[PDB]
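Below, each chain spelled out in residue letters.
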Amino acid sequence: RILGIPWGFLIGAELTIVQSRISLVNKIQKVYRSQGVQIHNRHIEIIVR
Amino acid sequence: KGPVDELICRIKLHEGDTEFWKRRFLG
């Protein structure tokens, strides 16, 4: 409602997507780093993508 | 769905006005 029709959903969905991307990778890496498992972010970002 | 100061005249729609939405995005 703050932004218009062509950008209320454009960047609004992007904010949800971008925030979820960094959140999802952190939570997944949190499990593996805690257990002493080293996995590059590439293998996780592909799944999150 | 219908079968006075008429203040509706000042309700300005900015559909398609890219410059207007950029200002609100900035602040």
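Cut-offs used in this document
- Residues numbered from 1 in each chain as written, not as in the entry; some residues may be left out.
- Chains lettered and ligands numbered in written order.
- Part of a larger assembly, values for the part shown.
- Heavy atoms only, no water.
- Axes fitted to C-alpha atoms, helices over the stretch in contact; angles between N-to-C directions.
- Helix = DSSP H or I, 4+ residues; strand = E, 2+ residues; numbered from the N terminus.
- Parallel < 35°, antiparallel > 145°, perpendicular 65-115°, else oblique.
- Left-handed = near helix turned anticlockwise from the far one by under 90°.
- Contact = heavy atoms within 4.5 Å.
- Nonpolar A, V, L, I, M, F, W, Y, C, P; charged D, E, K, R; others polar.
- Patch = residues over 30% accessible without salt bridge, like charges linked within 9 Å, V, L, I, M, F, W, Y side chains within 5 Å.
- Areas by Shrake-Rupley, 256 points an atom, 1.4 Å probe, with all protein chains shown as cover.
- Salt bridge = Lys/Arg side-chain N within 4 Å of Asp/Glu carboxyl O.
- Buried < 20%, exposed > 50% of the residue type's maximum accessible area, 1.4 Å probe, protein only.

Caption draft 1: Looking closely at the packing of helix 2 (residues 10-34) of chain A against helix 3 (residues 41-48) of chain A. Residues and elements named next belong to chain A. Contact pair helix 2 / helix 3: the axes reach a minimum separation of 10 Å and the direction vectors enclose 135°. Comparing the axis directions of helix 2 and helix 3 gives the class oblique. Helix 3 is crossed by helix 2, and the crossing has right-handed handedness. Contact residues: helix 2 offers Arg21, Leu24, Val25, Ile28, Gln29 and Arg33, while helix 3 offers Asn41, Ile44 and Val48. Here the residues of the contact of helix 2 with helix 3 are counted per class, giving 5 nonpolar, 2 polar and 2 charged.

Caption draft 2: Looking closely at a nonpolar patch on the surface. A contiguous nonpolar patch, built from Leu10 and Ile11 of chain A together with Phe25 and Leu26 of chain B and spanning about 440 Å² of accessible area, is present on the exposed surface. Among the secondary structure elements, those contributing two or more residues to the nonpolar patch are helix 2 of chain A together with helix 1 (18-26) of chain B. With respect to the helices, strands and loops of the structure, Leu26 of chain B is situated in helix 1. For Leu26 of chain B, a relative accessible area of 75% corresponds to the exposed category.

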